[PDB]
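What follows is calculated from the coordinates using simple rules that are stated; it is not laboratory data. Note that we place each Cβ from the backbone using ideal geometry, even for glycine, and neighbour counts take in every protein chain shown.
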Amino acid sequence: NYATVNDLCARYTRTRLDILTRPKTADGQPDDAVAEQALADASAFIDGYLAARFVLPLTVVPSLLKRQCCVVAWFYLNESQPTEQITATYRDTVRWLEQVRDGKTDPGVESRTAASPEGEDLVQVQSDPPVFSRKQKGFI
Amino acid sequence: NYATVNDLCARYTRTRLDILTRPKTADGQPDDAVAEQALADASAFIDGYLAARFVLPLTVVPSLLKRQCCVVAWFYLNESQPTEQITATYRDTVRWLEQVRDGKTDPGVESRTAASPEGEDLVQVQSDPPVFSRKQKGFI
Amino acid sequence: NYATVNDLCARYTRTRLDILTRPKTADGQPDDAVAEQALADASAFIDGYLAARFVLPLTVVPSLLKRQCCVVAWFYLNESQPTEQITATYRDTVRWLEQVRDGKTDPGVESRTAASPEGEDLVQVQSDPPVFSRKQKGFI
Amino acid sequence: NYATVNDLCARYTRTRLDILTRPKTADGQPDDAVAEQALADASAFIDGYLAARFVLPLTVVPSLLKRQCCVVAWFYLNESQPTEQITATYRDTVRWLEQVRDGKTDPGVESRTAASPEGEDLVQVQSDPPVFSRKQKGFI
Amino acid sequence: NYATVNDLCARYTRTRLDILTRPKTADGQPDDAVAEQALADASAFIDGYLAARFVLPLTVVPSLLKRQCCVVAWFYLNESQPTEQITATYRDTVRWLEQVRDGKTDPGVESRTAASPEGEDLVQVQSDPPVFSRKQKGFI
Amino acid sequence: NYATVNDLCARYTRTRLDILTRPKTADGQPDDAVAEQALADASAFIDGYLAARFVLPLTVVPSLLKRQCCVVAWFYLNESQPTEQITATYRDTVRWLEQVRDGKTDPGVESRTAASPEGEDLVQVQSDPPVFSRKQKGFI
Amino acid sequence: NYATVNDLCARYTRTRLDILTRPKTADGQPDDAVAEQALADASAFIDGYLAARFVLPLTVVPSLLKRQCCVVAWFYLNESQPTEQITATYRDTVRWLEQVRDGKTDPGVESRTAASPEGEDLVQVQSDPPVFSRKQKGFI
Amino acid sequence: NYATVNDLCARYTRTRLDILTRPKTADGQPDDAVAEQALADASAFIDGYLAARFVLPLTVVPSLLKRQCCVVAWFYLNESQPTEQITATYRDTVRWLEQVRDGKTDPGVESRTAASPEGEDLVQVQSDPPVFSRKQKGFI
Amino acid sequence: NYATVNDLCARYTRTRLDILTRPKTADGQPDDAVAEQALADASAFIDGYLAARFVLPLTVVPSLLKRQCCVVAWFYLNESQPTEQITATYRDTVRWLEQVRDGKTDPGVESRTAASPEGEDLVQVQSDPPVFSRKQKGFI
Amino acid sequence: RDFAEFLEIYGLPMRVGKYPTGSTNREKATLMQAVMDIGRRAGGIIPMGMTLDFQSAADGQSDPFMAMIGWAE
């Protein structure tokens, strides 16, 4: 997963996270595996939206992707009855992921070293070996 | 089915799942076969929406498909009177499946090893055997 | 019929099915032939919507078609006064059947073995026997 | 007629059918000829909507046409003051009949043997007898 | 007229027909000539809408035309203050007659023998006598 | 990060910042790391929106980017329940960042020395070495 | 900055400026650095909107830019809860700055001497040295 | 400035002008410099809107420009809470200034002598010196 | 000015004119210079709208221009709070002036002698002196 | 050699069929066997959702190749 539960419980108040999680567990006591599973599902969502033009086991993780995983995990964790703002922000992050997939916006870099994640060649052409090109310094 | 009942009862609270299931069974006591049948129907829905460009007995299962099966099973299990949010999320996942079938979005990978499911050749062309192509090193 | 009454009484609560059926019968006691007749009519509807590009005595039945027959039978069984959700879901399944007929979506497979139902050739062209084609290894 | 009164009184409750019919008769007692006349008018409606591309004394009757005749007969029998749902379903079946006449949807088959009703040639072209065609094995 | 008063008083309750007719007569007692005159006017309406592509003294009367005459007569007989449904059905039958005149829908047949009414040639072309056509077996 | 917490607590009142931050921390007492993390996420957002046409480890920081980071951090810090104005200003700054990325608006300069941040070549073309160009003073 | 705090406190009443500023400062007493920082941010905004077609360390400052900086500073200083008129005037001045950047409206002059600020060449073309032009008085 | 305060206090009642001005001054007593500063800002606005096609140190001042400066100064002086009519008239005068800048409407003349202000050449073309033109009375 | 105050006080009741004017004057007693100044501003407005295709020191004044000046002066004199009808009539006269400037409507004549005001040549073309034209009675 | 390869492709347009997405894996094989069955006087039926556009694969003429060949000879 892109973001750990210790970050989702920091961006979103831990008490509200416990309130959301405690029903979903089998026993009925505050649990941590539910949040990790939701974060894994959100990371899978982002991975699917990024694999279009990136090598998906990201060499360097864009620093905004932690936020983009936390928001989607929060929406996935409020599926029974979400606030209007949660839905609006989830639609905004889906729009951002669609723009990233299409090519309108790059995901960003790692804020530590400003390195952008690599990916496979979106465009690739092959032609026959070049003959009579200007690089052939013979003749002329 | 893509998702087991032990996952639908985790993403969605088991108590609410029992409330939804107990009428549908013949006896009137909480049952498990109803949830499995709904999950099978949702998996059939997803299979139909994915068979356009994939070999459907998926070699590797995309990790988001568990969520996409749970949501559709939950909607199929609330057919009598669903919440507005359940309907909205079902429409969102139908939109996502339509985008996957069209080609706008890839389903994702298996989060364990980042492997994408294979599929039949969407595009396939055949021409007559190549003669006088540049690969024929003779003549020249 | 695609779906049996034992499945319609499972997806939809049997008590509500008895409430819907008991007026339609001649005696006034809960009956089973009404549900089977409605399922047969819904299966006829689906058969008409699928015969465009399939051999209609389906060799393998798509697994979603059970759901698509149950929903249409339920709508046909609420013709006097249906809920808004029943009508909305019936419109959704009519839209899905129209998409299947047009070619936008394949019905799916049998979930047991992932086999797609066969059908007649949608496209078929005939030309005069090929002469001077590259397959004629003579001459050259 | 496509559907008998014993089927209209089964799809629609007989008591409501008697309530609708008892005023229309001359005496004032529940009658059966009114329902048969309405079914005949609905069958005439369907016959007019199907004669575009079918031999109208149908060799095999599509199995959905019983439903399509029952609904139109029910609407024709509620002409004084119909429910909104009756009008909506009548508009839906008129839309379906228009689609069948245009060619968008085939009526279906007989569910017993999966046989489609025959019809006259929608498209028919005549040319002069073929000469110099490839079928003339002479010359060459 | 296409439909007799004994049919208008059957499709529409005779008591309501008497209520509509008794003011229009001179004496003030239930009369029958008013209904026949309204039926004649409705038949004239239909005749005008059908004479576009039919020989108007119809050899065989389409079986739906009785319904189409009854509805228009009923609307013509409620000209002072009609129900919304009466107006809606009159608009529907005017739309159907317009479609018949344009050519979108054939009126139907006689349900007894499935015979369609004949009409004048909608399309008719004349050319000079054919010479050098393939039917001239001479020369060649 | 582009802006320090000592600037976010100046543009936005420190008391309100403490009110927003005190729940998110683990202990429950006013903390400073939450604000710095939100500022880092907002700076990552801006970095992703600027890396399209700039070398992202900015040599000189545009002076408006402090405001553009403070506003996005404030919105990110009100994710549970934001004011309408906060959302409107966040949409405005997202629009401004989109315009900067597209090329409609330059980010600005450093107000101290009016220096614009450098970036990679948006447009770059290569041709064969120039021969017979007017710069060849020979011949003529 | 384009405008000094002694001008913002004149166009906008000083008492209201103190009311807006006193919360933002650390101590809680009326401060002046907050207003200067807001004016600097507004001047950065205007500088970014003007650097498109001007040398940004303006040789002569347009006289309207003082107003355009005061309004943007006032809006930036009411970010928590602004009046509708403040937002409308901020949108108007953003529209004016967009028009200036596009080229629809020139910023103006210095009212003292009517001098317009200089800028870099928006349009610049280079061609080969002119030969055979009419300026070559030879030949002819 | 185009209009003096003695004209703004005549077109708009002096008492209301004092009411608008007395808060903005530092002391709190009716002042005159605020009105002159607002008039200077409005004159700068008009100067920017007129410099498109006029030499801005106007040789002769159009007589309507006094009104156009008074209205804009009044709007600039009601920035905290303006009447709807003040805003509407300000929009009207902005529209008029836009039309003047575009060329749709000339500003006018000086009413004393009907002289229009001069300006730089909007259109200017240069060609090579004319040879073989009809003005060359030689040859012919 | 086109219209005198003795005409504005006749078309519009003098008492209402005094009510509108008495605040604007310095003393507070009914004055006449305010009305003359408003009439001069309205005449400047009309002059600007007419100078497009007329020599502006009009040789003969169109007789409708008195009304068109009175209405604009009345609107200019109700700038604080105008009636809806005053605004509507001002918009109508602005539309008329725009039509006159564009060329859609001529202003009119002097009603005394039916003389239209002259103006500069809207269209003017120059060509080389005509040779070989039909007016050259030589040759032929 | 370039001229010969050009004649290998010239005067026979590429035959592409655009099957609607979601078509079964069996209906792509029949479509491809049909689009590769186009020969002399080929004529068939396609659903409304399918297209059979013909795109040229080699556009030009023989003048440049023969000019170069003549000059070299």
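Highest mean first, the peptides B:29-42, E:113-126, G:27-40 sorted by other C-beta atoms within 10 Å per residue fall in the order B:29-42, G:27-40, E:113-126. More than 20 Å apart: what percent of Cα pairs in chain C qualify? I get 56 percent for the Cα pairs in chain C exceeding 20 Å.
Computed about its Cα centre, the charge dipole of chain A is approximately 600 debye, with only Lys, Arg, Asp and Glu carrying charge at their Cβ. Taking amide hydrogens as placed 1.01 Å from N in the peptide plane, the amide H of J:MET14 sits under 5 Å from those of J:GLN55, J:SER56, J:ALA57, each at least 5 positions away in sequence or on another chain. Per-residue ellipticity at 222 nm from helix content only, as computed over the protein assembly as shown with -39500 (n - 2.57) for each DSSP H run of at least four residues, stands at -14500 deg cm²/dmol. Structural descriptor for region F:14-93: relative contact order 28 percent, calculated from alpha carbon pairs under 8 angstrom and at least 6 residues apart.
Exposed loop sites are taken as trypsin sites (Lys or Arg not before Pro) in a DSSP loop (any state but H, G, I, E or B) with at most 12 other beta carbon atoms within 10 Å; the longest stretch of chain B without one runs B:1-111. The Cβ shell under 13 Å around I:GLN81 holds other residues with a net charge of -2, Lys and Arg each +1, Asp and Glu each -1.
Using a 10 Å cut-off around each Cβ of peptide H:6-14, what is the average number of partner chain Cβ atoms that fall inside?
Working: counts 1, 1, 0, 2, 7, 8, 4, 7, 5.
Partner-chain Cβ atoms within 10 Å, mean over residues of H:6-14: 4.
Structural descriptor for region I:48-101: relative contact order 57 percent, calculated from alpha carbon pairs under 8 angstrom and at least 6 residues apart. Cβ crowding within 10 Å, taken as a proxy for footprinting-reagent exposure, orders I:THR59, E:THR89 from fewest neighbours to most as I:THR59, E:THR89.
As I understand it, the value is the acute angle between the Cα axis of helix D:84-102 and the longest principal axis of the Cα atoms of chain D; what does it come to in degrees, rounded to 10? Between the helix axis and the principal axis of chain D, the angle is about 20 degrees.
Would you work out if region F:1-45 is rounded, prolate or oblate? Take a ≥ b ≥ c from the square roots of the eigenvalues of the alpha-carbon gyration tensor; rounded if a/c is under 1.5, else prolate when a/b is larger than b/c, oblate otherwise. Oblate shape, in that a/c is at least 1.5 and b/c is the bigger or equal ratio. Within the shell defined by Cβ-Cβ distances under 12 Å, the residues around E:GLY119 carry a net charge of -2, with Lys and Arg each +1 and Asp and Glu each -1. Quick check for you: which residues of region F:120-140 have the amide N under 18 Å from the point 7 Å beyond the Cα of G:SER133 toward its beta carbon? Inside the label zone: F:134-135. The mean number of Cβ atoms from other chains found within 10 Å of a Cβ in peptide F:27-39 is 1, as a whole number. Centre-to-centre, using Cα atoms only, region H:120-140 and region D:102-140 are separated by 77 Å.
With an 8 Å cut-off on Cα pairs and a minimum separation of 6 or more residues, tell me the relative contact order of chain D in percent. Could you put the intermediate results ahead of the total?
On the way: 136 pairs, mean separation 37.4, N = 140.
Reported relative contact order: 27 percent.
Counting, for every residue in J:12-22, the Cβ atoms of other protein chains within 10 Å of its Cβ and taking the mean gives 4. With the simple model of a label 7 Å out from the Cα in the direction of the Cβ, D:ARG91 to B:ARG95 spans 2.6 nm.
Both radii are taken from the alpha-carbon atoms of chain J; with Rh as the Kirkwood radius, Rg/Rh is 1.19. Taking a ≥ b ≥ c as the square roots of the Cα gyration tensor eigenvalues, region B:20-88 comes out prolate, since a/c reaches at least 1.5 and a/b is larger than b/c. Put in order of Cβ neighbour count within 10 Å, fewest first, the listed residues C:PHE54, G:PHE139, D:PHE45 become G:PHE139, C:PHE54, D:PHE45.
Dimensions of the protein assembly as shown based on its C-alpha atoms, expressed as ranges along the principal axes with the largest first, amount to 101, 100, 99 Å.
Would you mind checking C:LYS135/D:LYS135; E:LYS24/E:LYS66; D:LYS104/J:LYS18; D:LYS137/J:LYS28 for any pair whose Cα atoms are more than 30 angstrom apart? Those over the limit are D:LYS137/J:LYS28.
Projected label points at D:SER80 and H:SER80, each 7 Å from Cα along the beta carbon direction, are separated by 7.3 nanometres.
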